[PDB]
Amino acid sequence: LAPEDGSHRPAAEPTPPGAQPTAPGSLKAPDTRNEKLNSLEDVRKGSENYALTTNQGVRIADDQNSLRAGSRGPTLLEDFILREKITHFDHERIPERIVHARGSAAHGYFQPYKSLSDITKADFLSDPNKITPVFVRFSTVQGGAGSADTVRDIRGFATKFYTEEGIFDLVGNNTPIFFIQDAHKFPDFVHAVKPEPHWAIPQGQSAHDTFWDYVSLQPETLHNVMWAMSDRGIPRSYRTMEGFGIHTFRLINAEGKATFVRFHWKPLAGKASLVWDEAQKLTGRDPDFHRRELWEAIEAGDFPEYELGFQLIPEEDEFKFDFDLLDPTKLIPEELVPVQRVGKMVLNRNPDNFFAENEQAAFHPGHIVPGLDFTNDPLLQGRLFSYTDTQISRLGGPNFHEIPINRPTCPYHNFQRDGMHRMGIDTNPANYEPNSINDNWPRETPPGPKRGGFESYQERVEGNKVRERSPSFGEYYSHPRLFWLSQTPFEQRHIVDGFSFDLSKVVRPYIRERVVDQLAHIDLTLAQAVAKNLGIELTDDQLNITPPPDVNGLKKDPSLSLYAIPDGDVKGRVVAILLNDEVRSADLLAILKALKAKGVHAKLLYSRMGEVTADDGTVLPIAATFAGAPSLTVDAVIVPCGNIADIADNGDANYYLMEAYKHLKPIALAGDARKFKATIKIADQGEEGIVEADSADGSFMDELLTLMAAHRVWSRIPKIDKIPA
Amino acid sequence: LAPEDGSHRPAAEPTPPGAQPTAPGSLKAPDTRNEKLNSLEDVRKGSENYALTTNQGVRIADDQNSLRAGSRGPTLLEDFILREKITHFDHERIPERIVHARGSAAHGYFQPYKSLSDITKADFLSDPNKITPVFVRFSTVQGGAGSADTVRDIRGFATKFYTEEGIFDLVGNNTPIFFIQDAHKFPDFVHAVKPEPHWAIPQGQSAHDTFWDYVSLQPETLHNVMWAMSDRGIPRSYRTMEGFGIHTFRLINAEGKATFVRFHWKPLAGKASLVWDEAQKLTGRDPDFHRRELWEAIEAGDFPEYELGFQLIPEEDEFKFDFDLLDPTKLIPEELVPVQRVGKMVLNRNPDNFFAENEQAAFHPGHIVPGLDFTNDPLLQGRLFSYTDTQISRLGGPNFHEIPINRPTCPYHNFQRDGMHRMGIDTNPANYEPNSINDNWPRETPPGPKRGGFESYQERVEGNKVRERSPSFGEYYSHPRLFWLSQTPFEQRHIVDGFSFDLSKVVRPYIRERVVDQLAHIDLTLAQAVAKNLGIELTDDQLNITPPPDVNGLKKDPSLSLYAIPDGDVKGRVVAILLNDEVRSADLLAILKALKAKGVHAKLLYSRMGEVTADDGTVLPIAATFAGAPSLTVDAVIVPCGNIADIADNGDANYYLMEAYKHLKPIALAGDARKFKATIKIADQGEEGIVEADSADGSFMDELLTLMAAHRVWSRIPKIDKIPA
Amino acid sequence: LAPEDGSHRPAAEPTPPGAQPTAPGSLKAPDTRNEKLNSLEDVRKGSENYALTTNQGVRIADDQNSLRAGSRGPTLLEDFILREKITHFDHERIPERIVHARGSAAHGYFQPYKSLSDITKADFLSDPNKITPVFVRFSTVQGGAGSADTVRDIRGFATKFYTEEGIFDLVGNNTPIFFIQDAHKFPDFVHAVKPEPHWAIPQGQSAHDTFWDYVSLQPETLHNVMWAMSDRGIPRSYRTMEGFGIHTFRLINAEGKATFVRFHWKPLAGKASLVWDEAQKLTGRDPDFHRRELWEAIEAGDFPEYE
Amino acid sequence: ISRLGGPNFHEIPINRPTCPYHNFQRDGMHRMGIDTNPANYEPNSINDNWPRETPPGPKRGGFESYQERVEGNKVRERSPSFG
Ligand code: HDD
Ligand code: HDD
Ligand code: HDD
């Protein structure tokens, strides 16, 4: 059924977004390999040139019809071909994850910069030339597997390391703290954020009564709520967010020394988030935006890269801060404990089948390896129970490690047997130890510097059996305040806006008031600006609440801001080029040449599909229409010259610019395209953030690419209130 | 931990029963191979020289202890090694089969004698050089997976053929008919025979009210009930029973011609059954006796062999018989339609792990291949729905064909995706057809002579949509009567005893009377004989019920008897040798040499464990004692000469002989061994079936092996009441 | 279909073993009540005088045939009555218990002799007039749900107390100790006594290599092994064996004082076991002998009693 | 059988008939109804064959399929009239 020209089928080379249909990773990049991807070969199933069969291997002659008694007669029970096909269909679905159901994943590899054997015996960190395959799943938290990507939410960032000494799963989030202190409260918190149980509304949103009810009653939540209400809660891409393990864990070296450690991922593409209006509209225009962007970046060669980093605290410093190291609502400011760079992780191939590899993957923070260990963090402690347990229903049984994506690439042998869907056929005469009948194989292995058995660090435990929160955990305001004061003025404004927007959707007014009261214990300016938007007036008492203390003398920590310290990297970003029916090919040449030199992609847009022909006869295929791929999905907009009259009174073309303008994106206007300055009210002598010139050229591209390096035009904020867009 | 002399490890070569501990098939017989066993290699897991790990590949240091706070303190929730191991244990079991839950399985291979391409295009039957791997599971029907082997029950005989054109499952039983006509009634009959629902008694027995209630009210059951009540219901081993597909199926040749077919398996070892007292006793002494016999035969190189046979009826002969070919309560007498030999099956390797290969195996009579097709048999029709449906809970979901033992060895490719425990990772860009994006692969294949798609035979259907039994099925007594008349008089007596014992356990006297009434419609002598064991007296009306008509002129068919035509073979049978402390080592040499020569095994027994020395100094190792390994488990008993004084007086030795005598087993006595005649009341002149002489040979061993070939000494029956055992 | 005389139906009065067909407890003894049995009334389904229906409440006209095109024709996919009946049958079974799969259970009640409030605040022990419904399941350990009752084995004795302040399950055995010290070894011991993995033999028996391999290498097992090898391993009936919680637990009183406790059940019918040859022969003549004995004792009014 | 975990999905409260339902079906995962019927099969005499089939009738009768004539060969074939 394919067309003549082979163009049903994508080129198996890197291609920019939109240049080719997307494809399964092994067909797209068949030369991209690693030990884990190779090991999946036993279960990869091709298709070309094969006969269509039942699952039992019987060739089907007619896959268009049920078996019936006469061609208008009833379907017959003996049609086993229909019933196998429909049975398999009828049982496709499995329970989605209780939380982080929505997520997107890829393969890649990790390697350390130098050996860490002085601080850890973990084998995967032992040698700068020893590469460890990874599989990474990014996710939201609240919504179902079919909810939208660019919600306001925390994001999950889970890395499965297939090491020589075991699977290590580093199961983190994109903020450095969690909402709650003790795992016992997790069902209460998750139920409060999830859709409400009477009507199962709202999907993918904290903006509802039950969430803000819980928050207002549990001030320990305020720190992660601050991060969620900031632009952290709406990342531009999974490539442009930070990742954190949250908990303090331990590194254990060959000599037995424990060092406390917190884990960080630093996005090498820099930190970048959307703005709210854009993020919310994008949930409607492309609810798959982050899934798509990640797949397309990998297909293009813009591999997501992250630097693993460790905050390291000696054991004797456990009590030296003014917060508890074991409290997952508290961060360790980098001004106090810097992040030591550890290694680099590159994501360089997409999966073959989303369901088989992404939906069935199982990550669990208990999956550690010798050289790592846990602490008493009471959130971390209960997570260790839940991830093994939940897999029993989600993946159908205790043999979930035999599902191909989850399998260790290193040896695994033990005495466990049976369970639903058991794949492994054990030959061992023994299924117990100690045994003589197989000479006690497989055997225990004593702990040691490498290739040793797992032994827990022998932490001293002293206390009575109590259900009690540590007094050291009972402080809730000083870290929210540190985060607040570390944000730029525009970031602070967006935080105020995020709180105001969420609370406006709370139906019960006393709940809004209680949350504003909580804000008054963090920062008066923040409390008042939220109050004003809610038509609430602070009491005298509220205006007099003493600010919480600084965090160990810190008045701000700029590492907590997305933007205070520039780190922008334009490679893999995308520009909309608004075409006309007589495009000046000299502008297009200059634009594409400069974009290509910085790995910035382009999309050619028009008022219909098909082709337009430039002034020099160059035939331009049209990627999408103005309405069909809105400015939400690109980082900047260029309008080349040519026949501007063609698009000058097109409502969609004008709206495209008004939207990109509103959302603080760089805009460049060449030649007569400068006439569009009218729709967005730019001063004749110009505006910082709008690039203009008689033609698109060297200098014009430079100015545009500098603005893109800075991500958005924050100085335009005062001007966007007036535009009706 | 293994002993210094290596005596823990079974010899990896053929050894007779009891010589070596039993072992997993690929460790016992590593040189045995077939295409299926080869393709299972990728999931087989070893053990020697490997480290003990978690399922995530983490080496375990201490597999003897939980992690606790202090060595007498509480267990910690962070012990992930304990929770993984306990979790897998906690979820070991899967539902058992609804029916046939009790069964034993082995690998083997099939080969046809000649090409049958003139009558079928089935590829596995197309070439005398085409060898087809098989996996065969034999079973009882009623009991659980943990019930006894030698119960009275029908047996299952299910063969999975891994053909080049698909899995073909031949899912049969050891009797040629079933209890019921229409699949709709299956839950009724099976509930009736199964343990009663209030108290869940009895296990593995039809001897209870509800079974006989149903039978008494559903005369269509009486034919298979006659089989079950005969010695057919207590086979000596799975090697010495017949198998039958029961239903009429079709062979379809390359030209499109349909031929009606009924399937047969002929045991090359001959047909042989236990007697009731033996079979019931063995359920107590060795409830695994048939599973053990199958395993040990294969370990010895005594492979079970069966001949596939076909009864073939041309389409135009569909109505040529007194009974409906579609009626699964009717058999086709071999005297009207002979069985044509088709091929040989040899079962030559045990599995490696019972649960993974046997318990998870899924057979379904709907799994046919091009060259075979169904008919409208209304029991068969219903089955085609059930065996697909049941696997969704039993085996966890729609991907049960990916469980290794179930996998085809030929190619399988299609558009089905997902489902719980999905192993195959599909790389096809398309998961639908028709598609252009993968040029419509995998593709449909037209039907053809070889390697073609499945098309159903275009049988003509005409009639209204009815829930109605065909009147042609409404005859219940002629087949039961043919079966009865074809039995020898000792077989007839055993049938009488079978009904008599079962009905004796029915509490409600009226159910017994109604079953006696049904018997009077079959045969008066059989009815009177059961009535008299039950203290029931036939009425005048019952005494005058006209017998049912013969079956197409036949008043008997000897192929229906176990024994009427000698087919007895001795290879793989076992003789008890009752030792004394001074054995005539010349007797032993001749005995074992004649036994060896015929492939008969020997088991040396004495009054205690350890050893004895013969007349010439030879050390005789003792396998077990008289009391420890009773006669129940052997086929004959030899008592050699020597110091008979040593055990003439022994209660165990005497009992051994009285049990063996009561169970109709051949006995041979040499020299003073003839003293034993007293215990079993033999007269001096000798008795047919008791072998005697001065020395244990000349023709003392030809005589005894001749008795063994005839299986049991039927003539002894009139004398066994006299002996209290 | 019932006989004219009515002899199909067992009398709703206590009768000795074998005098009447056995029957569902609420039809055999409809006036034996306790609070639990009363609370199950919402889910008990009768049958007499009701029409045969699908599970969706649709009356069935012909429960003897599938729907087919002609009376000798193929079965039609549209027969929802057949498919529902066969679907339910096809999915009847659930996984059996990993251990103690073979067991027999009965309803009853517990009452204390005196208030134990000086040593425990447990509400079901606070007053001798406090009656606590129980459900008790007795079991073997090794064999499947289909295995024989009078095997040599440890027996389970599990009591569910439906108290006014929560379910208390007292999950014990018939000997006062267990085979092993630390729960991490439970899968090793259980795998060793269970049928061996290659061939799944032997059912309901410790008499095999792997069991004795483990015992010989783990001397902590020897105490319970001694009990299993004694006639304790072959009880005459569940009414004539002891029960034990094995572990030391704590009682906590209202003042917060903790007392260590080990739990016992003393059979008021006394202790009695079979002898080996009799037990082993019974596994063949009546593999349901203890299940039968329990059910029939209760039917006769010979109620199992334990202190 | 997968989505709602077994063949007793009709006992999940929202799914329950409000009219009588009785039959010989037993067990299954999540089984809520405790059947007191001495019989779990029909035909039976031990419960006088209850619950009983009901002939079709103008009201409260058993289900019987309309006796449509069926005539043709067993075919996997789209009707030309659908083309
Ligand atoms: C005690 C319960 C509990 C608590 C306190 C947490 N979680 Fe969790 N989390 C789960 C119980 C859980 C889970 C129910 O077990 C999930 C869902 C299904 C699954 O496979 O794991 C899960 C999934 C889940 C995933 C998705 C992994 C994937 O992509 O499959 C991430 C990234 C996180 N969690 C991260 C966190 C972080 C950073 C936490 C706080 C610091 C946290 N979880 C607290
Ligand atoms: C409509 C239901 C139905 C009917 C009428 C039959 N069966 Fe069946 N049979 C099943 C429904 C079933 C089942 C529920 O589908 C089983 C149990 C679980 C499984 O895997 O299949 C099964 C198991 C089963 C097994 C065990 C296969 C194995 O070893 O795993 C054999 C040998 C048979 N059957 C043979 C027969 C024969 C010879 C029948 C009469 C011709 C028959 N069955 C009628
Ligand atoms: C950590 C594993 C483990 C350990 C050390 C034990 N058991 Fe257990 N036991 C189980 C894991 C288990 C189980 C897997 O959880 C079962 C099987 C299915 C179930 O519902 O509970 C069980 C069932 C079970 C039953 C059957 C309950 C019933 O009738 O349904 C009894 C009577 C016991 N056990 C008694 C004991 C005693 C007295 C023990 C030692 C003092 C013991 N168990 C140790």
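All positions are counted from 1 along the displayed chain.
Recorded method for this deposit: X-ray crystallography, 1.9 Å.
Cβ atoms are placed via backbone N, Cα and C, with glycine included.
Swiss-Prot has this to say about the protein:
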- B:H100: active site (ACT_SITE)
- B:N173: active site (ACT_SITE)
- B:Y387: heme binding site (BINDING)
- B:431-465: region 'Disordered' (REGION)
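Of all the Cβ atoms in the protein chains shown, 23 others lie within 10 Å of the Cβ of B:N173 (active site). In the three-state DSSP scheme, the residue listed as 'heme binding site' is classed as helix.
Each of the recorded positions B:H100, B:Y387 was ranked by the number of other C-beta atoms within 10 Å, and first place falls to B:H100. Note: the CA-CA distance between B:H100 (active site) and B:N173 (active site) rounds to 10 Å. Secondary structure from DSSP puts B:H100 (active site) in coil. B:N173 (active site) sits 16 Å from the residue listed as 'heme binding site', taking the Cα positions as reference. Residue counts for the region 'Disordered' (B:431-465) under DSSP (helix as H, G, I; strand as E, B; rest coil) come to 0 helix, 8 strand, 27 coil.
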